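For reference, the chains in residue letters:
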Amino acid sequence: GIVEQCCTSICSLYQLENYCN
Amino acid sequence: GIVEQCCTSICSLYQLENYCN
Amino acid sequence: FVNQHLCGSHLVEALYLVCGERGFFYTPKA
Amino acid sequence: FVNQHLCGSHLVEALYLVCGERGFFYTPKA
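Structure determination for this entry, per the PDB record, employed X-ray crystallography and reached 1.901 Å resolution.

Here it is, written out as structure tokens:
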């Protein structure tokens, strides 16, 4: 989930945009 | 939508919780 | 604190605080 | 500014800034 990918480890733009509508 | 209900007019807890998962 | 005009990042912050570990969705257009 | 550890309200703020008028969903558990 987003916390594991962006909080616990380093985030990326690719990952964040996966959560845009 | 949420902007019309909470930004353009006064928000409420009822409305906000409608957008919780 | 939710009974006021909440816009932009202020609205997103209120959702964050109110919804907590449930999370939320933010859809300004639809 | 997105290539770092983003937690809690900081993560939500980044989603807000990156997704813009598209909006986003924030699901910390799932």
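Next comes the rest of the account.
Draft legend 1. Main features of the interface of chain A and chain D. At the junction of the two partners, chain A supplies 17 residues and chain D supplies 19 residues. Taking both sides of the interface into account, the surface hidden between chain A and chain D amounts to around 1500 Å²; carbon and sulfur atoms contribute 66%. Among the residues of chain A in contact with chain D, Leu16, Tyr19 and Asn21 of chain A are the three that bury the most area, contributing 32% of the side total. In this structure, the salt-bridge partner of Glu17 of chain A is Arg22 of chain D, at a minimum N-O distance of 3.6 Å.

Draft legend 2. Broad picture of the packing of helix α1 (residues 9–19) of chain C against helix α1 (residues 9–19) of chain D. Remark: α1 of chain C packs on α1 of chain D, axes separated minimally by 10 Å, with the N-to-C direction vectors making an angle of 140 degrees. Comparing their axes, α1 of chain D and α1 of chain C come out oblique. The way α1 of chain C lies across α1 of chain D gives a crossing that is right-handed. From α1 of chain C, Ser9, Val12 and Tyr16 of chain C reach across to α1 of chain D, where they touch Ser9, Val12 and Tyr16 of chain D.

Draft legend 3. Structural context of the pattern of salt bridges. Applying the stated rule across the entire model yields 4 salt bridges over all chains. A salt bridge links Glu21 of chain D to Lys29 of chain C; the shortest N-O distance between them is 3.5 Å. You can see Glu21 of chain D sitting in the loop between α1 and β1 (24–26) and its partner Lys29 of chain C sitting in the segment after β1 (24–26), one on each of two chains. Per residue, the accessibility class of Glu21 of chain D equals that of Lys29 of chain C, and both read exposed.

Draft legend 4. Representation of the state of the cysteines within the structure. Under the criterion given, the structure shown has 6 disulfides over all chains. Between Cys7 of chain A and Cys7 of chain D runs a disulfide, and the two sulfur atoms are separated by 2.0 Å. An S-S torsion of about 100 degrees defines the bridge between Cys7 of chain A and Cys7 of chain D as right-handed. With one member in each of two chains, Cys7 of chain A in the loop between α1 (2–6) and α2 (13–17) and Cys7 of chain D in the segment before α1 form a pair that bridges those chains.

Draft legend 5. Broad picture of the packing of aromatic side chains. Counted under the stated rule, the structure contains 7 aromatic pairs over all chains. For the pair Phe24 of chain C and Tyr26 of chain D, a centre-to-centre distance of 5.7 Å together with 50 degrees between the ring planes defines the contact as tilted. Residue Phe24 of chain C is found in strand β1, and its partner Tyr26 of chain D is found in strand β1; the two belong to separate chains. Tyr26 of chain D shares its class with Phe24 of chain C; the two are buried. In textbook terms, an aromatic cluster arises when at least three aromatic residues are bridged by ring pairs, as seen for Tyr16, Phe24 and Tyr26 of chain C together with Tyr16, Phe24 and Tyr26 of chain D.

Draft legend 6. Main features of the nonpolar core. Grouped together as the largest cluster of nonpolar side chains are 34 residues, with contacts concentrated most on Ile2 and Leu16 of chain A, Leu16 of chain B, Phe24 of chain C together with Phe24 of chain D. Those elements that provide at least two residues to this core are α1 of chain A, α1 (2–6) of chain B, α1 and β1 of chain C together with α1 and β1 of chain D. Apart from the residues lying within four places of it in its own chain, the contact partners of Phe24 of chain D are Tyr19, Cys20 and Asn21 of chain A, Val12, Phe24, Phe25 and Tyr26 of chain C together with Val12, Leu15, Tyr16 and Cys19 of chain D.

Rules of the game
- Residues numbered from 1 in each chain as written, not as in the entry; some residues may be left out.
- Chains lettered and ligands numbered in written order.
- Heavy atoms only, no water.
- Contact = heavy atoms within 4.5 Å.
- Buried area = accessible area lost by both parts, 1.4 Å probe.
- Salt bridge = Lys/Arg side-chain N within 4 Å of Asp/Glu carboxyl O.
- Axes fitted to C-alpha atoms, helices over the stretch in contact; angles between N-to-C directions.
- Helix = DSSP H or I, 4+ residues; strand = E, 2+ residues; numbered from the N terminus.
- Parallel < 35°, antiparallel > 145°, perpendicular 65-115°, else oblique.
- Left-handed = near helix turned anticlockwise from the far one by under 90°.
- Buried < 20%, exposed > 50% of the residue type's maximum accessible area, 1.4 Å probe, protein only.
- Disulfide = S-S within 2.5 Å.
- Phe/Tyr/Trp six-rings, centres within 6.5 Å; stacked < 30°, edge-to-face > 60°.
- Core = buried A, V, L, I, M, F, W, Y, C linked by side-chain atoms within 4.5 Å.

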